[PDB]
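This document opens with one chain alone, in structure tokens, the form deposited in one PDB entry.
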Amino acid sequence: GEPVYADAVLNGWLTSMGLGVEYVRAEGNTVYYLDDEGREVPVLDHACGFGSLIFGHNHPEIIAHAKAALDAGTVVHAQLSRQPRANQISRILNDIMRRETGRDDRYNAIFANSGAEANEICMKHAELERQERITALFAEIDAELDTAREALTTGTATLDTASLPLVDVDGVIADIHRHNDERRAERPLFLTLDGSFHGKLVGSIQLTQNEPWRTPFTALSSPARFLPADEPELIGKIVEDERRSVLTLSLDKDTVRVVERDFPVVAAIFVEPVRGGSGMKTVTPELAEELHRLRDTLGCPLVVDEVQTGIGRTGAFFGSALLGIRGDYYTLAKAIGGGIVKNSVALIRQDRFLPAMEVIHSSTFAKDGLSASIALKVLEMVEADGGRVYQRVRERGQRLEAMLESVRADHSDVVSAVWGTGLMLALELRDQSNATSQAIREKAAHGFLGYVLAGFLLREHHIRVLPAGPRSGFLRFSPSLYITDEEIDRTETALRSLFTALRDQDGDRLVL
């Protein structure tokens, strides 16, 4: 019971899962902890900052560049001055997007400090677009009301009273204006997929499915409707239920009617090309086409969240390009910081970009000179040698996926599936809530199975894995492109060992 100032509950919980270790040094695909006698134990890292480390921990080329930037007296804090590196970074991302999609679309860049901040720039810009559509619609309704009033107060037309259930000339117009103003102040909706993960700030948390992470915060901010990814059939009806109307007066020269017209409620659709919070499921072509339909139908942007799938993880720079997802806005973060600094970017198609956003949105630390320099280095590295790095991710991914499939095939009793693409892979664990072993069953029931299995992998095979998915029902594999054949073989051995113990329901070996 000594004084503790952070992390007591987090550390207590990690210790009971068998993950209570302090990593003291890291290089490439290895993190080191200290044993009882103070010796470094190498651990293979398959978590890698939840896919931040495409080039591994502390890549010598990123470390050298960071030290050169610091020694050159880089201007980190140059707010409200010319920072051409921001334009230079956006130009490269623009060229890469054009090459990978064959589309000649141009994107404005706004920078931020995290994946959530980049997603929230997109939520804000989407709401600027919706307020533009609202202004246009309300201006038209004013004109339609003036024309209907001209016709009713001067002979021409008679107000049909069959339509009054939707609400005397002047009083009907007051009732319409009251109805419309209420509608206009209502919060918008966001559309996301089931299992969506888009961050955990006040805005972004509402876009994140995981119920214990989100539901306490429901009242703070605009909600999302979580569309069922597996059944595109059902999305149509869910979105149709969210339809809302404003009222106007329609003149048919003879008769004036109160009529409903459509109100823009949906600010944006968000999609991850490979769904982190769903256990690394790739968006199917059928779901891609439903998101395209929704975007074309509602006139709101489709925001492609590549915070995790970007910077080569899937075997292309953009996962969306690989899977044929045609977004209006794109977000990047994780790997762009080179595994050492914090940086993110929102790319917004220039034909939709509202110039006000460049001067009403800002952040102290955004576009800092240090992370700008490191971004340019990361982009040079991932693009080097005519795109060989993408090729390496693809062949390392194939080797790791083949190993995971080979393991699943011999352990189908405890492993249901392999998901993901390139170096963003996961094993789906079969439910263990009815497990013979009480200790395993108890942990599975509390949603901790993945964490317990991760602990086994650490203490018995010196491999760092973290679970994914809503009840730690998936094991994530997202190492660097430098993962060796030998490290893949040691992972295979570790998994056969883990899944043999799980088949045998050896609770004393698995749960501490």
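Numbers for residues come from their place in the sequence shown, where the first is 1. Only the largest set of C-alpha atoms that superpose within 1.5 Å between the two forms is called the rigid core.
We do not show the form deposited in another entry, though everything after this point is about it.
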After superposing on the rigid core, which residue among 386, 155, 285, 355 shows a C-alpha displacement of 2 Å or more between the shown form and the other one?
-> 155
Post core alignment: residue 310 C-alpha displaced by 2 Å or more between the shown form and the other one | yes
Answer yes if the Cα of residue 395 shifts by 2 angstroms or more between the shown form and the other one on a rigid-core superposition, and no otherwise.
-> no
Could you check whether the CA atom of residue 187 moves 2 Å or more between the shown form and the other one, using the rigid core for the fit?
-> no
Versus the form shown, are the CA atoms of residue 310 and residue 50 closer or farther apart in the other entry, given a shift of 3 angstroms or more?
-> closer
Relative to the form shown here, do the C-alpha atoms of residue 23 and residue 310 sit closer together or farther apart in the other entry, given a change of 3 Å or more?
-> closer
